[PDB]
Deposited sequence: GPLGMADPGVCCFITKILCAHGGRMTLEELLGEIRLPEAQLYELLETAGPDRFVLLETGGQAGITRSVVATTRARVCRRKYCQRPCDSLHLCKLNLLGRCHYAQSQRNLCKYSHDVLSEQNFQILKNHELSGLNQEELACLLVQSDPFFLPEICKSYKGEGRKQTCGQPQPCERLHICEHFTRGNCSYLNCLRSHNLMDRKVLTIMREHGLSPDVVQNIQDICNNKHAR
């Protein structure tokens, strides 16, 4: 019923979603070329390789459902976003119930996880993977932001609290060679907003590197 529990995915997700190639090699006990074969077969939509001496950042094409009022059939995951970010009160309150599933390993999600080679991961491992992969988990992007070096139509009378970043870049589909909108998630103001939303700079760095990878398509 479940798919195969993937050694490489398992190890990366247990180690925070990124490891150096040298670390992974030590864990898997293979010659470098044998590991590269495994990584290349899964492809860049699952394992991002970069120079950091190289590292591997785990990702997935699995995404959380974006429908307002979903009914079957659906090919996406159904779960509580805020919960995976440690930001859902219902994880503490006994008053009423969250409308979103707080169990990523639900019957409903089972087949989707299998379709994406994610069987045999626990909720902590899945959350690590998803939060650095699905743009759904990012803070809102400012639609008033048109690009760098422009008098912004936002920010008055009160400061803008939305990210001044390219939304398409975060979704892996910015088609500009020289985009006018920032692709720099590691900017200090961005990191503050990410942090408040529940994303640490280390998580954002992984997101940055995954998005850089997709932009280089």
In sequence order, the deposited-sequence ranges that have no modelled C-alpha atom: 1-6, 59-64
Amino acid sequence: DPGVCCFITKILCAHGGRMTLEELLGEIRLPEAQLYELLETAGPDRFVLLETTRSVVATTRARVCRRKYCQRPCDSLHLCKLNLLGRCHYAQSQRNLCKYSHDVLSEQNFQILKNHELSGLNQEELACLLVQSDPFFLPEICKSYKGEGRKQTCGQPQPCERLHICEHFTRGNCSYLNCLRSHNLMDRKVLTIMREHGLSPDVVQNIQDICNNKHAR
From here on, numbers count along this sequence of modelled residues.
Mean temperature factor over C-alpha atoms, higher-scoring stretch between 168-176 and 65-73: 65-73
Comparing 80-88 with 121-129, the one whose average Cα B-factor in the PDB entry is higher: 80-88
Criterion, highest CA B-factor; candidates, 184, 192, 52, 60: 52
Relative C-alpha B-factor of residue 4, binned into the chain's lowest, middle or highest third: highest
Residue 56, C-alpha B-factor rank within chain (lowest, middle or highest third): lowest
Chain-wide C-alpha B factor ranking for residue 42, given as lowest, middle or highest third: highest
Position of residue 142 among the chain's modelled residues by C-alpha B-factor, lowest, middle or highest third: middle
Where the record places residue 160 (Cα B-factor, split into thirds across the chain): highest
